[PDB]
Structure formats: structure tokens, C-alpha cells
Amino acid sequence: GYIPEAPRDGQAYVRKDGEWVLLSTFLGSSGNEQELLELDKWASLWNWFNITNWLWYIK
Amino acid sequence: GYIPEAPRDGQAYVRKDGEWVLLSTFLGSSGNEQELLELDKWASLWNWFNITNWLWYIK
Amino acid sequence: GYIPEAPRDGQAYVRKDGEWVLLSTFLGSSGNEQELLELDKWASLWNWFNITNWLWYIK
């Protein structure tokens with residue numbers, strides 16, 4: 001059929017069940033961004049533990 | 001001016017080549033969900049391999 | 001009270017501000033896909049450093 005009409009608030013919406021649903025809901029954000037941004041956190045520690053990396057190297 | 005929407009069965013589709021295309025196809029689905037869910041699997045072994053971590057700690 | 005129509009060139013767009021916006025922008029692949037595909041690279045070395053894993057195992 002036809003159903004052209006979506007909200008305009010700068011946000012993004014997808015076509016689902018003849019309804020506008022925030023695409024972000026299909027992305028899986030707010031429930032998996034952890035694994036996406038975790039490496040950024042763990043990397044910090046690993047990146048700092050380099051002190052033992054070089055020391056042992058030039059020990 | 002306007003284009004026909006897709007069916008209504010709980011699924012979602014995007015605007016591509018004037019046709020309905022499951023967004024999931026754009027997310028890759030299985031084509032990259034592996035690296036997204038791999039750490040969850042490998043973490044398990046690493047997490048259970050802590051037995052040797054504390055061992056050295058408490059000797 | 002309707003949607004433009006979106007272009008037809010093989011690309012895809014979502015419903016945003018009453019305009020066609022490449023969903024890919026919401027997937028995340030512009031100055032961050034690195035952290036997404038980095039593990040694939042670093043894994044190579046980690047996967048290769050197994051030489052020391054088995055060596056120490058079988059001495």
C-alpha cells in the first residue's frame with residue numbers, strides 16, 4: 001500500500017511494521033557498545049603494562 | 001515523489017534500489033558478528049585460566 | 001507530509017530529517033572501524049606467538 005510520512009527531529013528511523021523505528025534499535029546500541037568500547041579501556045592497562053615489556057627487554 | 005513500503009510481519013527494511021532490503025543484510029549478520037561475539041567466547045577460557053594467575057600470586 | 005523518494009544507484013538510505021542518509025553512517029565505519037577490525041590484525045601476532053606456547057609445553 002502506501003504510508004509516506006515520518007517524523008523530522010534530526011533522528012533516524014527505519015521501516016518496520018508500517019512504523020518508524022529508531023534504526024539505533026536495530027544496531028544494538030546501549031547493550032553491546034561495551035564490547036565496542038571495552039578494548040579502548042583494557043588497552044589502557046595493557047598499554048601501561050609496557051613498562052615491564054621494555055624493562056625485561058633491556059633488563 | 002514516493003515509493004511503495006514493504007510488508008508488515010515484524011521485519012524491517014531500508015530504502016535501496018527502490019526496494020525493501022532487510023537492514024540486517026547491511027549489518028553483515030554472521031559476516032562480522034563473529035568478531036562481535038568472539039571475545040565473549042575466548043574471554044571464557046581466559047577468564048577460567050585465572051587459576052594459574054592467582055597460583056603464582058598465592059604460590 | 002511525505003518522503004522524497006531517495007536516489008537509485010545501488011546505495012541505501014534511511015529516513016532522517018526528511019532526507020536520504022546512508023545507513024552506513026549509523027553502522028560505524030569512519031575513523032573507528034579500526035578498533036572494530038584491529039583485533040583481526042593483532043590476533044595474527046598473538047596467534048603466531050603460539051610458537052612459545054607449545055615450545056614451553058613440550059620444552
# chains A, B, ... in the order shown; residues from 1 in each chain; ligands from 1
call {"tool": "residues_around", "arguments": {"residues": "residue 12 in chain A", "least_positions_apart": "3", "cutoff": "6 Å", "atoms": "only C-alpha atoms", "output": "JSON, numbers by chain"}}
result
{"A": [22], "C": [15, 16]}
call {"tool": "calpha_fit_and_write", "arguments": {"fixed": "chain C", "moving": "chain A", "output": "short mmCIF file (atom, residue, chain, number, x, y, z; two decimals) with N, CA, C and O atoms, in the first residue's frame"}}
result
data_model
loop_
_atom_site.label_atom_id
_atom_site.label_comp_id
_atom_site.auth_asym_id
_atom_site.auth_seq_id
_atom_site.Cartn_x
_atom_site.Cartn_y
_atom_site.Cartn_z
N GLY A 1 3.62 14.39 6.92
CA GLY A 1 3.28 14.75 5.52
C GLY A 1 3.68 13.61 4.59
O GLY A 1 3.49 12.44 4.92
N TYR A 2 4.22 13.96 3.43
CA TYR A 2 4.64 12.96 2.45
C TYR A 2 5.89 13.42 1.72
O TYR A 2 6.01 14.59 1.34
N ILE A 3 6.82 12.49 1.51
CA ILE A 3 8.05 12.80 0.80
C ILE A 3 8.67 11.53 0.20
O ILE A 3 9.86 11.26 0.42
N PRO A 4 7.92 10.76 -0.54
CA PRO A 4 8.43 9.51 -1.17
C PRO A 4 9.26 9.80 -2.42
O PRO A 4 8.71 10.16 -3.46
N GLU A 5 10.57 9.64 -2.30
CA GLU A 5 11.50 9.88 -3.41
C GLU A 5 12.93 9.78 -2.91
O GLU A 5 13.40 10.67 -2.19
N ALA A 6 13.63 8.70 -3.28
CA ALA A 6 15.01 8.50 -2.85
C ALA A 6 15.90 8.16 -4.06
O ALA A 6 15.39 7.70 -5.08
N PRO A 7 17.19 8.38 -3.97
CA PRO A 7 18.13 8.07 -5.09
C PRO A 7 18.33 6.57 -5.29
O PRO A 7 18.22 5.80 -4.34
N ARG A 8 18.61 6.18 -6.53
CA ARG A 8 18.83 4.77 -6.87
C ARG A 8 20.21 4.58 -7.49
O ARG A 8 20.37 4.72 -8.71
N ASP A 9 21.20 4.28 -6.65
CA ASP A 9 22.57 4.07 -7.12
C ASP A 9 23.15 2.79 -6.54
O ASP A 9 24.35 2.53 -6.65
N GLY A 10 22.29 1.99 -5.91
CA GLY A 10 22.73 0.73 -5.32
C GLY A 10 23.14 0.92 -3.86
O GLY A 10 23.39 -0.04 -3.14
N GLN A 11 23.20 2.18 -3.44
CA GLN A 11 23.58 2.49 -2.06
C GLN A 11 22.36 2.42 -1.15
O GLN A 11 21.24 2.26 -1.62
N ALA A 12 22.60 2.57 0.16
CA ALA A 12 21.53 2.53 1.15
C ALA A 12 21.42 3.88 1.86
O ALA A 12 22.44 4.47 2.22
N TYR A 13 20.19 4.35 2.05
CA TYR A 13 19.95 5.63 2.72
C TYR A 13 18.83 5.49 3.75
O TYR A 13 17.94 4.66 3.58
N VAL A 14 18.90 6.30 4.81
CA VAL A 14 17.88 6.24 5.88
C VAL A 14 17.02 7.49 5.87
O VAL A 14 17.34 8.47 5.18
N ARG A 15 15.94 7.46 6.63
CA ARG A 15 15.05 8.61 6.71
C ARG A 15 15.45 9.49 7.88
O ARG A 15 15.26 9.12 9.03
N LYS A 16 15.99 10.66 7.55
CA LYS A 16 16.42 11.61 8.58
C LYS A 16 16.09 13.03 8.14
O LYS A 16 16.39 13.42 7.01
N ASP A 17 15.49 13.80 9.05
CA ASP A 17 15.12 15.18 8.76
C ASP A 17 14.57 15.33 7.35
O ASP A 17 14.95 16.23 6.61
N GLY A 18 13.66 14.43 6.97
CA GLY A 18 13.07 14.47 5.65
C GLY A 18 14.15 14.47 4.57
O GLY A 18 14.01 15.13 3.54
N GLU A 19 15.23 13.72 4.82
CA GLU A 19 16.33 13.64 3.86
C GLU A 19 16.93 12.24 3.84
O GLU A 19 16.80 11.49 4.81
N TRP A 20 17.57 11.90 2.74
CA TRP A 20 18.19 10.59 2.58
C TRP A 20 19.66 10.65 2.99
O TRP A 20 20.47 11.30 2.33
N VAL A 21 19.98 9.96 4.08
CA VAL A 21 21.34 9.93 4.61
C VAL A 21 21.90 8.52 4.63
O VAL A 21 21.29 7.60 5.16
N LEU A 22 23.08 8.37 4.03
CA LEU A 22 23.73 7.09 3.97
C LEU A 22 23.69 6.44 5.34
O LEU A 22 24.24 6.97 6.31
N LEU A 23 23.02 5.31 5.42
CA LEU A 23 22.89 4.59 6.67
C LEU A 23 24.27 4.37 7.28
O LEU A 23 24.43 4.41 8.50
N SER A 24 25.26 4.13 6.43
CA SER A 24 26.61 3.89 6.89
C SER A 24 27.07 4.98 7.84
O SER A 24 27.91 4.74 8.71
N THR A 25 26.51 6.18 7.70
CA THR A 25 26.87 7.28 8.57
C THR A 25 26.38 7.01 9.99
O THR A 25 26.98 7.48 10.97
N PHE A 26 25.30 6.25 10.09
CA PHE A 26 24.73 5.92 11.40
C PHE A 26 25.39 4.68 11.96
O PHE A 26 25.31 4.41 13.15
N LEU A 27 26.05 3.92 11.09
CA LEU A 27 26.73 2.70 11.54
C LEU A 27 28.00 3.06 12.29
O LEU A 27 28.38 2.38 13.24
N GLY A 28 28.67 4.12 11.85
CA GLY A 28 29.91 4.56 12.49
C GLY A 28 31.12 3.98 11.77
O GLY A 28 32.17 3.77 12.38
N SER A 29 30.96 3.73 10.48
CA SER A 29 32.05 3.18 9.69
C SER A 29 33.03 4.28 9.31
O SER A 29 32.66 5.45 9.20
N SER A 30 34.28 3.89 9.12
CA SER A 30 35.34 4.83 8.76
C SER A 30 35.84 5.59 9.98
O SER A 30 36.52 6.61 9.85
N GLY A 31 35.50 5.10 11.17
CA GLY A 31 35.94 5.75 12.40
C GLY A 31 35.83 4.83 13.61
O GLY A 31 35.88 5.28 14.75
N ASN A 32 35.67 3.54 13.34
CA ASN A 32 35.53 2.55 14.41
C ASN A 32 35.79 1.16 13.85
O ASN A 32 35.87 0.20 14.60
N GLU A 33 35.95 1.09 12.54
CA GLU A 33 36.23 -0.16 11.86
C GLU A 33 37.58 -0.68 12.31
O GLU A 33 37.94 -1.84 12.08
N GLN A 34 38.31 0.20 12.96
CA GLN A 34 39.63 -0.16 13.44
C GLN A 34 39.46 -1.22 14.53
O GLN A 34 40.06 -2.29 14.45
N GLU A 35 38.67 -0.91 15.54
CA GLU A 35 38.46 -1.85 16.64
C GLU A 35 37.78 -3.13 16.14
O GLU A 35 37.94 -4.20 16.73
N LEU A 36 37.05 -3.00 15.05
CA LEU A 36 36.37 -4.15 14.45
C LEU A 36 37.37 -5.08 13.75
O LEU A 36 37.23 -6.30 13.79
N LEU A 37 38.36 -4.48 13.07
CA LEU A 37 39.36 -5.24 12.31
C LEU A 37 40.72 -5.30 13.02
O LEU A 37 41.67 -5.86 12.48
N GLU A 38 40.82 -4.73 14.22
CA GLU A 38 42.09 -4.75 14.95
C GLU A 38 42.42 -6.15 15.42
O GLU A 38 43.55 -6.61 15.26
N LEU A 39 41.45 -6.83 16.03
CA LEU A 39 41.68 -8.17 16.54
C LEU A 39 42.25 -9.05 15.45
O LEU A 39 43.10 -9.91 15.70
N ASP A 40 41.80 -8.83 14.22
CA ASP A 40 42.29 -9.60 13.10
C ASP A 40 43.79 -9.37 12.92
O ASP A 40 44.52 -10.27 12.48
N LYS A 41 44.24 -8.16 13.24
CA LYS A 41 45.65 -7.82 13.11
C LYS A 41 46.46 -8.31 14.31
O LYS A 41 47.48 -8.97 14.15
N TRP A 42 46.00 -7.97 15.51
CA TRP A 42 46.71 -8.38 16.73
C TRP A 42 46.71 -9.90 16.87
O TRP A 42 47.68 -10.49 17.34
N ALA A 43 45.62 -10.54 16.44
CA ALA A 43 45.51 -11.99 16.51
C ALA A 43 46.68 -12.63 15.77
O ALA A 43 47.18 -13.67 16.18
N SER A 44 47.08 -12.01 14.67
CA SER A 44 48.16 -12.54 13.86
C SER A 44 49.42 -12.71 14.70
O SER A 44 50.02 -13.78 14.73
N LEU A 45 49.82 -11.65 15.40
CA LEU A 45 51.01 -11.72 16.24
C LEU A 45 50.81 -12.76 17.35
O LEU A 45 51.66 -13.63 17.56
N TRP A 46 49.69 -12.67 18.05
CA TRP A 46 49.42 -13.62 19.12
C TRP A 46 49.41 -15.05 18.58
O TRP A 46 49.91 -15.97 19.22
N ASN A 47 48.85 -15.20 17.39
CA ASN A 47 48.77 -16.51 16.75
C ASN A 47 50.15 -17.02 16.36
O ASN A 47 50.36 -18.23 16.26
N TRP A 48 51.10 -16.11 16.13
CA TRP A 48 52.44 -16.52 15.74
C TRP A 48 53.29 -16.78 16.98
O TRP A 48 54.20 -17.62 16.95
N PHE A 49 53.00 -16.07 18.06
CA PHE A 49 53.74 -16.23 19.31
C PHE A 49 53.42 -17.58 19.96
O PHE A 49 53.84 -17.85 21.08
N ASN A 50 52.70 -18.43 19.23
CA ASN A 50 52.36 -19.74 19.72
C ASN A 50 53.61 -20.61 19.76
O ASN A 50 53.65 -21.63 20.45
N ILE A 51 54.62 -20.20 19.00
CA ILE A 51 55.86 -20.97 18.95
C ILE A 51 56.41 -21.15 20.36
O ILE A 51 56.97 -22.20 20.68
N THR A 52 56.24 -20.14 21.19
CA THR A 52 56.70 -20.20 22.57
C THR A 52 55.68 -20.93 23.43
O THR A 52 56.00 -21.44 24.50
N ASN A 53 54.43 -20.98 22.95
CA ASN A 53 53.39 -21.67 23.72
C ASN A 53 53.69 -23.17 23.80
O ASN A 53 53.73 -23.74 24.89
N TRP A 54 53.86 -23.81 22.64
CA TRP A 54 54.11 -25.25 22.62
C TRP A 54 55.50 -25.59 23.14
O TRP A 54 55.67 -26.52 23.93
N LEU A 55 56.51 -24.85 22.69
CA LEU A 55 57.88 -25.11 23.12
C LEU A 55 57.93 -25.27 24.64
O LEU A 55 58.38 -26.28 25.16
N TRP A 56 57.46 -24.25 25.35
CA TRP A 56 57.44 -24.27 26.81
C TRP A 56 56.63 -25.45 27.32
O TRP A 56 56.89 -25.97 28.40
N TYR A 57 55.65 -25.86 26.52
CA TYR A 57 54.81 -26.99 26.90
C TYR A 57 55.61 -28.29 26.85
O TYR A 57 55.67 -29.03 27.83
N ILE A 58 56.22 -28.56 25.70
CA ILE A 58 57.01 -29.77 25.52
C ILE A 58 58.49 -29.52 25.79
O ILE A 58 59.34 -30.35 25.45
N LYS A 59 58.80 -28.37 26.39
CA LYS A 59 60.18 -28.00 26.70
C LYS A 59 60.96 -29.21 27.22
O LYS A 59 60.57 -29.76 28.23
#
call {"tool": "select_by_dssp", "arguments": {"residues": "range 9-44 of chain B", "states": "helix (DSSP H, G or I)", "output": "ChimeraX atom specification"}}
result
/B:23-27,33-44
call {"tool": "write_last_selection", "arguments": {"atoms": "N, CA and C atoms", "output": "PDB file, in the first residue's frame"}}
result
ATOM      1  N   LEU B  23      17.604  -4.487   6.758  1.00  0.00           N
ATOM      2  CA  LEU B  23      18.775  -3.798   7.254  1.00  0.00           C
ATOM      3  C   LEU B  23      19.796  -4.812   7.743  1.00  0.00           C
ATOM      4  N   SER B  24      19.329  -5.893   8.351  1.00  0.00           N
ATOM      5  CA  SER B  24      20.232  -6.901   8.873  1.00  0.00           C
ATOM      6  C   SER B  24      21.258  -7.315   7.830  1.00  0.00           C
ATOM      7  N   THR B  25      20.896  -7.231   6.554  1.00  0.00           N
ATOM      8  CA  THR B  25      21.820  -7.585   5.488  1.00  0.00           C
ATOM      9  C   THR B  25      22.958  -6.577   5.426  1.00  0.00           C
ATOM     10  N   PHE B  26      22.661  -5.350   5.835  1.00  0.00           N
ATOM     11  CA  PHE B  26      23.658  -4.290   5.828  1.00  0.00           C
ATOM     12  C   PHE B  26      24.540  -4.384   7.063  1.00  0.00           C
ATOM     13  N   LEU B  27      24.018  -4.974   8.138  1.00  0.00           N
ATOM     14  CA  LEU B  27      24.810  -5.123   9.353  1.00  0.00           C
ATOM     15  C   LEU B  27      25.805  -6.265   9.184  1.00  0.00           C
ATOM     16  N   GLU B  33      29.569 -10.646  12.910  1.00  0.00           N
ATOM     17  CA  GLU B  33      29.034 -10.847  14.247  1.00  0.00           C
ATOM     18  C   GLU B  33      29.966 -11.771  15.001  1.00  0.00           C
ATOM     19  N   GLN B  34      30.853 -12.394  14.240  1.00  0.00           N
ATOM     20  CA  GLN B  34      31.803 -13.317  14.837  1.00  0.00           C
ATOM     21  C   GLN B  34      32.736 -12.516  15.738  1.00  0.00           C
ATOM     22  N   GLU B  35      33.384 -11.500  15.185  1.00  0.00           N
ATOM     23  CA  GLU B  35      34.320 -10.697  15.971  1.00  0.00           C
ATOM     24  C   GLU B  35      33.595  -9.957  17.095  1.00  0.00           C
ATOM     25  N   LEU B  36      32.303  -9.746  16.907  1.00  0.00           N
ATOM     26  CA  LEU B  36      31.488  -9.090  17.928  1.00  0.00           C
ATOM     27  C   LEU B  36      31.223 -10.030  19.109  1.00  0.00           C
ATOM     28  N   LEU B  37      31.023 -11.319  18.805  1.00  0.00           N
ATOM     29  CA  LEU B  37      30.711 -12.324  19.833  1.00  0.00           C
ATOM     30  C   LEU B  37      31.877 -13.277  20.117  1.00  0.00           C
ATOM     31  N   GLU B  38      33.019 -13.074  19.468  1.00  0.00           N
ATOM     32  CA  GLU B  38      34.164 -13.956  19.685  1.00  0.00           C
ATOM     33  C   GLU B  38      34.759 -13.745  21.074  1.00  0.00           C
ATOM     34  N   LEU B  39      34.995 -12.489  21.440  1.00  0.00           N
ATOM     35  CA  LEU B  39      35.590 -12.188  22.737  1.00  0.00           C
ATOM     36  C   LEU B  39      34.777 -12.830  23.843  1.00  0.00           C
ATOM     37  N   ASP B  40      33.470 -12.871  23.658  1.00  0.00           N
ATOM     38  CA  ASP B  40      32.599 -13.482  24.645  1.00  0.00           C
ATOM     39  C   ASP B  40      32.962 -14.954  24.828  1.00  0.00           C
ATOM     40  N   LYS B  41      33.417 -15.584  23.746  1.00  0.00           N
ATOM     41  CA  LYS B  41      33.792 -16.995  23.791  1.00  0.00           C
ATOM     42  C   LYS B  41      35.217 -17.169  24.316  1.00  0.00           C
ATOM     43  N   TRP B  42      36.161 -16.442  23.725  1.00  0.00           N
ATOM     44  CA  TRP B  42      37.558 -16.550  24.142  1.00  0.00           C
ATOM     45  C   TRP B  42      37.743 -16.057  25.577  1.00  0.00           C
ATOM     46  N   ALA B  43      36.992 -15.026  25.960  1.00  0.00           N
ATOM     47  CA  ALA B  43      37.071 -14.490  27.315  1.00  0.00           C
ATOM     48  C   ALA B  43      36.803 -15.583  28.333  1.00  0.00           C
ATOM     49  N   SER B  44      35.882 -16.477  27.987  1.00  0.00           N
ATOM     50  CA  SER B  44      35.511 -17.559  28.883  1.00  0.00           C
ATOM     51  C   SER B  44      36.733 -18.384  29.264  1.00  0.00           C
TER      52      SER B  44
END
call {"tool": "select_by_dssp", "arguments": {"residues": "chain C", "states": "strand (DSSP E or B)", "output": "count of residues only"}}
result
8
